[PDB]
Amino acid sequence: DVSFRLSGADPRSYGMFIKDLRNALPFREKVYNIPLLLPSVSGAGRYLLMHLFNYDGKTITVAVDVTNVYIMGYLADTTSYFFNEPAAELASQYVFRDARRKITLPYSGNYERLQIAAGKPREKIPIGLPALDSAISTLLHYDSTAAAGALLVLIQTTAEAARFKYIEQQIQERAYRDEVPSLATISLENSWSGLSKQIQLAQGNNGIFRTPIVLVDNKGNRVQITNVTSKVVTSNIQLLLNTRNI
């Protein structure tokens, strides 16, 4: 399991939690020195538990699929909550079995579905460590509309930060002040699958992407990523989705 406590959190402690979440995910090999997530894991071993504590010491436990860093559901006190999709239904066979009841949320975990339920796109929802405190507090007691925005914050401040050093650094800059995500943040979230696929295809193509990936960079400019010498590959991305799940 991994744990993060917002009471006493600072950029360094958050950074160390994100390093710890990455290291909790199994891999058999690295591609260009980046951990390649597994094609498949059978049974309860597919799920990492992340214990998150708000400023006041109240907690949820989040279930994460270690093949894709997708959040399946969470446990708040005696109630479990799972997204309305097959992977999360399967996860509910394995995790939070002792909950007194299981609620299926009225949406999948897809960004497009969560943004409709929340009534706003990611671009308009501040993120940061204070926003994660608020998200944990929101998820402690059921509210499906409020939970959708809380889950957008939770996904970006945990899973997206684990996938990209740049997004970890963005949340560190928001340790005490929330701010809507940068253009690059949104671009990297949207490009994780495509980048993962191109980096794996590059391994038999001399480090050259078979299909260049368009990103937004840290200055807000559109850039074409063509090969593994790009800073996105050498410094930024931290985990690869296996092409057997693309």
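Heads up, when I say rigid core I mean the largest set of C-alphas that superpose within 1.5 Å between the two forms. All residue numbers refer to positions in the sequence shown, first residue = 1.
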Core-superposed comparison in 5 other deposited structures of this protein: bigger Cα RMS shift among 24-32 and 213-221 is in 213-221
Comparing 94-102 with 68-76, the higher average Cα temperature factor in the PDB entry belongs to 94-102
With B-factors read from the PDB entry, the higher C-alpha mean of 181-189 and 28-36 is in 28-36
Among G149, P121, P126, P130, highest Cα B-factor in the entry goes to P121
Of the three thirds of Cα B-factor ranks in this chain, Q198 occupies the middle
Sorting the chain's modelled residues by C-alpha B-factor and splitting them into thirds places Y107 in the middle
By the entry's values, the third containing the CA B factor of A159 is the lowest
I246: CA B-factor among chain residues, third -> highest
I237: C-alpha B-factor third of its chain, per the entry, is the lowest
